[PDB]
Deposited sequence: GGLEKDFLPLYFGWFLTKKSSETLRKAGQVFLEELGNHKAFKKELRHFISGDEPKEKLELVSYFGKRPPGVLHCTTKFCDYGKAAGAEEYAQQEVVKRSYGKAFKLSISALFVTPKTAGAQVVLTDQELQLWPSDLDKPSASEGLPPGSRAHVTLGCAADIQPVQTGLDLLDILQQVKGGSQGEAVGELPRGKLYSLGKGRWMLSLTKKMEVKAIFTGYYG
């Protein structure tokens, strides 16, 4: 019996459209913000205005989702150990609400930061496959929804990018907001990294299950 490609929370069609539209408005607003335009050298590295919706053109097909454990059908480290957990089996097909507190952009990815409840954290993996940038931050800090990737970037980069942003925030390197968008304060973390801290958290409905590809 092989396992899914990955486990995670799959947004309902309505929630996925709502978050997808929010992400597009953020990308449009950010690309027009004077502070972002001034930093455009810290963002691209070759040779007017950059339309971030075109820049992050590899957008997830289907519904948006929040991965818990990438399994690659059993080939990833920790995959079989994760899937045999009681909580994974008990939650399979169950509905959850995911809290989105912030949207972010780097030169590689765009996504949404997810803040897991204590019940949802029980579904978060704990294994060797954990990357180093998750060290020093609370478990589950990687939890995100990918909104878009640059052409040569793989989607998994989005979670590594979020962790790197949260390492800045941990030490206060976000500083004061450089500005404001209609739905929250805008933070520049340097090196092409931007975070919109939402005035009001977004909530999305999602079903925990396995995706097979």
Any chance you could give me the deposited-sequence numbering of all the stretches lacking C-alphas?
1-5, 53-55
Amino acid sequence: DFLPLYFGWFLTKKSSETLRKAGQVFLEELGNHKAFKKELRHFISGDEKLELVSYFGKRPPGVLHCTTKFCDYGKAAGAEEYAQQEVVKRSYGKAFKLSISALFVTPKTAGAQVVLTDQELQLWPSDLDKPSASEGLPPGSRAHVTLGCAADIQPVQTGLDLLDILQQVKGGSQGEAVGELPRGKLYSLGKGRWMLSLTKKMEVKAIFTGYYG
From here on, numbers count along this sequence of modelled residues.
Quick check on the record: does 183-191 or 38-46 carry the larger mean Cα temperature factor?
38-46
When the C-alpha temperature factors are averaged for each of 142-150 and 169-177, which stretch ends up with the higher value in the entry?
169-177
Which is it among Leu128, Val105, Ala102, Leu98: the one with the largest CA B-factor in the entry?
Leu128
Of the residues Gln122, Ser91, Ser132, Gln113, the one whose Cα carries the largest B-factor in the deposited record is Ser132
Can you tell me which third, lowest, middle or highest, the CA B-factor of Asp161 falls into for its chain?
lowest
Among the modelled residues of its chain, the C-alpha B-factor of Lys201 falls in the third labelled middle
Splitting the chain's C-alpha B-factors into thirds, which one does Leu52 fall into?
lowest
Could you tell me which third, lowest, middle or highest, the C-alpha B-factor of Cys66 occupies within its chain?
lowest
Lowest, middle or highest third: which one holds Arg20 when the chain's residues are ordered by CA B-factor from the entry?
lowest
